[PDB]
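The block underneath contains the structure these notes are about, expressed in structure tokens.
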Amino acid sequence: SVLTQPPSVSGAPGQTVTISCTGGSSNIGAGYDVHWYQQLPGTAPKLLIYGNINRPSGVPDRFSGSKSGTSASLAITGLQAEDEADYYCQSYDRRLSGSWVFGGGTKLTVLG
Amino acid sequence: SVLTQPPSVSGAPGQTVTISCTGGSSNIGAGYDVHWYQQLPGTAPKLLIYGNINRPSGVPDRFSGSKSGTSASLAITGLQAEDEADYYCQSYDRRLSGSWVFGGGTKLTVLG
Amino acid sequence: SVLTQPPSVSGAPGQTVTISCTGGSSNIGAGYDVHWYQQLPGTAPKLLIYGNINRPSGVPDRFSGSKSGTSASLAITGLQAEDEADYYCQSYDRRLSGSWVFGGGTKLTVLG
Amino acid sequence: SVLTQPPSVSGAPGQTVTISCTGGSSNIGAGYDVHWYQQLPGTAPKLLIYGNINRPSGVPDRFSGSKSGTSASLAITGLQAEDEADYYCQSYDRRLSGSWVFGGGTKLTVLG
Amino acid sequence: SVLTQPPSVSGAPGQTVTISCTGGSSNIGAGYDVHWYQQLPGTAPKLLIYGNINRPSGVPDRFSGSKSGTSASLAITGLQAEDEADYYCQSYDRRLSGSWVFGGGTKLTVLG
Amino acid sequence: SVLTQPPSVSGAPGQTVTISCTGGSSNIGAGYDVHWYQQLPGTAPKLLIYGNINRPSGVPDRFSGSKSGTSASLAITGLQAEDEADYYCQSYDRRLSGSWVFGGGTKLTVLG
Amino acid sequence: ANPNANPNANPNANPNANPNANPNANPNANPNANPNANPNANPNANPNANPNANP
Amino acid sequence: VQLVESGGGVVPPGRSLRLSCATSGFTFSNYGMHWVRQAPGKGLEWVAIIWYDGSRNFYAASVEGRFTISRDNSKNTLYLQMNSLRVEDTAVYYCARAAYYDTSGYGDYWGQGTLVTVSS
Amino acid sequence: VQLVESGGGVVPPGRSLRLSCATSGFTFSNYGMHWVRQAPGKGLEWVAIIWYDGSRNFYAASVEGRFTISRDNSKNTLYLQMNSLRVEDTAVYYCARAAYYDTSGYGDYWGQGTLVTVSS
Amino acid sequence: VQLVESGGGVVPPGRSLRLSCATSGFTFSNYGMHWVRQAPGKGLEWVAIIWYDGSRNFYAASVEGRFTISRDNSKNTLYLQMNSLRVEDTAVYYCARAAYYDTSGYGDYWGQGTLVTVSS
Amino acid sequence: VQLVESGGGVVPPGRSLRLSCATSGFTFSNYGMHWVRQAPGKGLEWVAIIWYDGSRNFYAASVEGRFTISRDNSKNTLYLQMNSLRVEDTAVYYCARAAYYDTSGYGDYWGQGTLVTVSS
Amino acid sequence: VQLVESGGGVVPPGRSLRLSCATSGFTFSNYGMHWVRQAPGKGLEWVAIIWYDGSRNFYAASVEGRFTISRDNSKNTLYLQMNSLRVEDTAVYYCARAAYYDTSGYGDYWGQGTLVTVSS
Amino acid sequence: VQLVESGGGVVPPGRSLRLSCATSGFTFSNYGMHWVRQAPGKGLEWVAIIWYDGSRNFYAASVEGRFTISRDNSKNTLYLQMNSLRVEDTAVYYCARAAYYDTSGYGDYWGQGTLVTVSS
Amino acid sequence: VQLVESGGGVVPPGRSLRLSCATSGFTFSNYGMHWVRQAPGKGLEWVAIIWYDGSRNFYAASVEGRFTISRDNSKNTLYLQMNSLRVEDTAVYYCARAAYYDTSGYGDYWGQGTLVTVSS
């Protein structure tokens, strides 16, 4: 893991929960844009957020986020049972040879 | 639509009016040249201004313009009744896959 | 020898073995199609593979080919005792006067 | 009239007279090589300088020149009466569809 | 040599021995990251420490270091017989034309 | 002369003598392959080296060469008395109409 | 400065380049090409012919 | 310079429709071409580009994979093949001749346009 | 846009395996491609990138020198050739289409992946 | 190297006129050719170019679509066919042999030209 | 398709030998032919090609000028005339039917060959 | 491979002289040919090239328009026809067989040449 | 990752000598390279750097103007050409792969080294 | 490191003169350059500086607007173009290689200079 994410987050339906993603001077505070992906239990990840705040037309305005300093964040409002998923952040570490770096992912559990 | 234009401008014949076009770091302040087109109610758009300040030999010097920062502008002096038209700006947006992007388009009404 | 082949390959019946052939920017990585021939001890070479991947209807579906850059390849699955043979690659070297160029051949021994 | 040249230059026999040629980022500072031609009153232009500094075997060393930034120049030393002529610069404008562009042309008057 | 290292350090197996590296305002106090290399008696230097505190996965967690002001240091704990080696510090001196500068190296002697 | 060669080089038998060939962006740094020819006092200029490093089977292994940037070179090691000859380099100048360009030739004198 | 190749660059084709023919290229015949016969061609010239002896 | 649209009309959704522009007055084979469209009551939207030699093609994100752009230099004609037309594709389609200034391009000559309606 | 993967399975360690991703719905030749992998129970690891014209390739440090990425535009196919497979290479491999935003990039479309197991 | 021109004359506007540049002293088939013109009292204007094998042609914006450039390699002759002549086309026309240096080209040998006058 | 070869045997160095490949099962006159050779214990070496109508011939550099390839289409027979034989020319010579795929050619049917021995 | 030359001698200025390079040992018809010359005491000057099928000819600027290069495949012979000879043309002329590697050409076999002297 | 030095030996002062490294296990074209040296009994000294695309070169003050660094990406080879070798140039020369951390750089992989001795 | 000036001489006021400095022994493109002058009886006066990549230029107030400094990296040459020469410009002009220490810079290598005289 390059970007730090909590391993777990949870809350009751209807609540607001957030998932953090913390980097440093080489990856987030470096001016590199942060992206988020959503993985459902039996499939490939889906782009959720791009460009720190933008999102595909296939994503409802329930998901939004921001980036400040070295800390990025995904906010989920109006939490539904259907949001159970693994959420990952992505950026670029100028100290590494790879195009993308990922955090370890956070599992969101909805307390139905 | 990625370039911002007012939906409407106006003035009496003999007046001076301007039409703005505002973008950002991806398409105006990005160093991309801004172009303008004029559309009359029953036909195809006609190139009015190119290269930010230049114009086809078929355009009288009543139309001129320039670009600075993230804001481009079309100036019309000596407004005539004949100038009623839709004016559009155009540029390149480095965040998109397409060669051209347009603004919303501004309708110029001459208050005869 | 124009194309480079290892002198020997082997394995037990039922195993998978591969035969390589590596050229340069003048003969394989040059975009020329690589062909393979199989020679049995008392006769002429037989066309095994053509067009890098294709083969005659007279060849068992145990053989197939491939190509990556300057490296051409022959794969034999389901190795049989009857596959003992000399395997040769063939291409065209743009720096030479001949229509065909060959590697030196790879000797396949089946450990039966 | 793409490249800018003074309409006229002069000097007395034996003196040094230079003829300038100024372009922009589209045709001199653009990396395009500058060429010069000499025209006498009743004939076709003759290549005088090519490749910014080189010249045909038909040109005496009285004529030489250079290119720097968006500026280019033809120098005539040891000015002769015979040098009364029209001099033109030539380059390629990346913004235009034509292969060659010419400057306005300069007449050199020898003060005999 | 713009970085000063002691020529020799020593200790008994099991002891902790530190190797200093002292620079100045042009290299260490200037903020350039310090690196360390280890050379064994008949081979090429091996990267030991990079980025002041990080190390390749091939380095035992016995080696660590720090950077403060114009000083830098390599600490070796749990000294083993196998640590007899020459250790060098590396940085960048902004007053010189070269990309890297080295200290003179320190020989570590294990008093077996 | 298009390619620059020294008029003369020398050395005693057993020594190493090299012959340079210097061009420019029009003929060596241009990516064009460099060739060398050996002319003995009363014969045709026999091919010595081709393709920058290769040679006919009729050439003793005492001759070799290289190409880098706009420079190229012929090296003779184990210099023999019989190597007295005129050496020429050959390439292609992208600014000229001819297929081949040559340097003026270098005379190799063996100090027997 | 980092002397290494830079990952993290746009890997996609660039739809912002002059799409027109370029009227600035050597228009002359190129005296730098293999002048030889080229022994790399189909020696079986028979897949397509006029069944009529005449056109 | 004339650019003349042809082949418009109306289709049920799901059907294909093929548009083209006949050209004259310039050397067709030396220029790249663009298609743009304008839905009634709306502004202009870029649709596609084809390079002078056919080597590159780019499409708007909203049509890629459904629309194909092509050309035949021997007939001085530009074509647009639209498959799986949607109601949302109703618009006037126009040809334009590619031109380029410096850091961005533009169309200089425009056609007259033709209307394609998709409706059940 | 659709990305389809095939070629996984199980092999003894030390063996090679060639995976591929077939694509449709977009112009393959205009986009770069990525491979990433996810070991069972783990997060995502970036593996490799290939440029739209094949001019550049970058690999994760953990696989460089063992894996090769390549493509064939005429068949709309992305390939990954893995040599010297290790047990640690067991993962679901996925292809993705390269996209780029401003100061960093991202994948937008993803395939469903294929499973590669390396084991005695 | 000689370039010899013929075909000027005077025509009413709207009429056509054909110019011909005969060449000798060099291998015609190996070179591209140019036409330029000079209106009386004015500087030089580039008009057109033709590639050595006739594969490409380019025209000045002010004449494109009205002028045709062509060549017959078997007769070592360069032609310029002008249709719909305007008064503004009055000029001395010259042929020239194409040459090219590095980043731009030039003409080296020039003909003596011929005068075309368009007048009512 | 069947190719039959005859003509090998031992010939003193310097002397000549003629090989003949008799053919049937195909229209001989519509196909080109190849000869390759294999010295005992060695790999394959291409020797020569002849075009279907004899309009073009190529030889390996090591035999060019010593060997002649020809066809008598009316007898469905391919010949190879080797003059000034050297010991190094000892090999099994094989005929094959020329074939061509895309960027390179190949043989798609092989004869059995005959052994040519040159020896003192 | 033999390259044999004949035809030199003393020529009064203005007169013509023909050189001929007879060849044998290779397929003349499959290769292009070159001529170079060496003025006494000087280095080498490239003079001319002819393509294997006669489709292209190129000449050094110093001789273009005065020299003609030709060939007759039926006689395996290369010719150089020099008209209007000048004193400056005195040189030993040599023929050579064309060869090519990757980005530039070269000669491999050379004839012995013959001396052409042009003098009052 | 292997880096292998070759070309060492002993020369008289004033002579030239050329060193090189072959590499494997990584993409050579994606990384810059360094040369360093160590005189017997001495510490390390930086000698030169070359950028991944060959665009920039920097040299130690004590060798600039005498040493040249270069690379051939298609051969995975790094070269160092030393002219006018001096006695003071006796050293073991090493290749290293460039890496960069944040405010300064470092080498990560090293070769084995080769010895160059300069003596009369 | 050798720096050599050229181009001095005697010029009447109001005329122009161009100086240059040829360099060798170091990588020209990696360093900035300076010009200074010394009036024949005075101390040293700084005249101008140009950055290694040509992006910046600075001039002494006494010459700004009359003098231009420039470089040609491909010729390893530094130039100074002096227009509108005044009598006060008589001096020996020298080139020097830019160097920088910490809070201020300096020249390390100097040329020999050339004399420019401005006088009726």
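Within each chain, counting starts at residue 1; across the structure tokens, chains are named A, B, ... in the order shown, with ligands numbered 1 upward in that order.
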
Neighbours of stretch 50-63 of chain F within 8 Å (only C-alpha atoms; same-chain residues fewer than 4 positions away dropped), as an mmCIF file with C-alpha atoms, in the first residue's frame?
```cif
data_model
loop_
_atom_site.group_PDB
_atom_site.id
_atom_site.type_symbol
_atom_site.label_atom_id
_atom_site.label_comp_id
_atom_site.auth_asym_id
_atom_site.auth_seq_id
_atom_site.Cartn_x
_atom_site.Cartn_y
_atom_site.Cartn_z
ATOM 1 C CA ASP F 33 24.889 3.796 -42.226
ATOM 2 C CA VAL F 34 28.630 4.434 -42.693
ATOM 3 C CA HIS F 35 30.802 2.351 -44.997
ATOM 4 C CA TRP F 36 34.576 2.048 -45.456
ATOM 5 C CA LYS F 67 29.552 5.110 -35.338
ATOM 6 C CA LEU F 74 37.927 2.723 -38.591
ATOM 7 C CA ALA F 75 40.353 1.039 -36.279
ATOM 8 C CA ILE F 76 43.302 -1.043 -37.278
ATOM 9 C CA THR F 77 44.876 -3.126 -34.558
ATOM 10 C CA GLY F 78 47.915 -5.265 -35.017
ATOM 11 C CA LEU F 79 48.985 -2.833 -37.721
ATOM 12 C CA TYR L 101 22.155 -2.440 -46.038
ATOM 13 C CA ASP L 102 19.478 -0.536 -44.033
ATOM 14 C CA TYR L 106 27.205 0.837 -50.780
#
```

Between chain G and chain B, at 10 Å or less, what are the per-residue closest atom pairs and their distances in Å? Count only C-alpha atoms, order by chain and rising residue number, and return it as a tab-separated table.
```
residue	atom	partner	partner_atom	distance
G:12	CA	B:97	CA	9.1
G:13	CA	B:97	CA	8.9
G:14	CA	B:97	CA	8.1
G:15	CA	B:99	CA	5.3
G:16	CA	B:99	CA	5.6
G:17	CA	B:99	CA	8.7
```

Prev. selection, N, CA and C atoms, output as a JSON list (two decimals), in the first residue's frame:
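What ended up in again.json:
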```json
[["chain", "number", "residue", "atom", "x", "y", "z"],
["G", 12, "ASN", "N", -2.62, 8.25, -24.51],
["G", 12, "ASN", "CA", -3.63, 8.18, -25.56],
["G", 12, "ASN", "C", -3.25, 8.95, -26.81],
["G", 13, "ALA", "N", -3.85, 8.60, -27.94],
["G", 13, "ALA", "CA", -3.61, 9.34, -29.16],
["G", 13, "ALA", "C", -4.08, 10.76, -28.97],
["G", 14, "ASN", "N", -3.38, 11.71, -29.56],
["G", 14, "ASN", "CA", -3.70, 13.13, -29.45],
["G", 14, "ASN", "C", -4.58, 13.72, -30.57],
["G", 15, "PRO", "N", -5.89, 13.95, -30.38],
["G", 15, "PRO", "CA", -6.81, 14.43, -31.39],
["G", 15, "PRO", "C", -6.71, 15.93, -31.56],
["G", 16, "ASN", "N", -5.50, 16.43, -31.69],
["G", 16, "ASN", "CA", -5.25, 17.85, -31.78],
["G", 16, "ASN", "C", -3.98, 18.09, -32.53],
["G", 17, "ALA", "N", -4.01, 17.78, -33.80],
["G", 17, "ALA", "CA", -2.85, 17.90, -34.63],
["G", 17, "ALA", "C", -3.36, 18.24, -35.99]]
```

Query raised in the report: Counting only C-alpha atoms, which of E:101, E:47, E:3, E:72 gets nearest to residue E:18?
Result: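 Using only C-alpha atoms, the shortest distance to residue E:18 belongs to E:72.
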
Report task. Quote the spacing between atom CA of residue D:16 and atom CA of residue D:80 in Å to one decimal place. Result -> 10.0 Å

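Nearest residue to chain G, choosing from I:75, I:35, I:82, I:97 and counting only C-alpha atoms: I:97.
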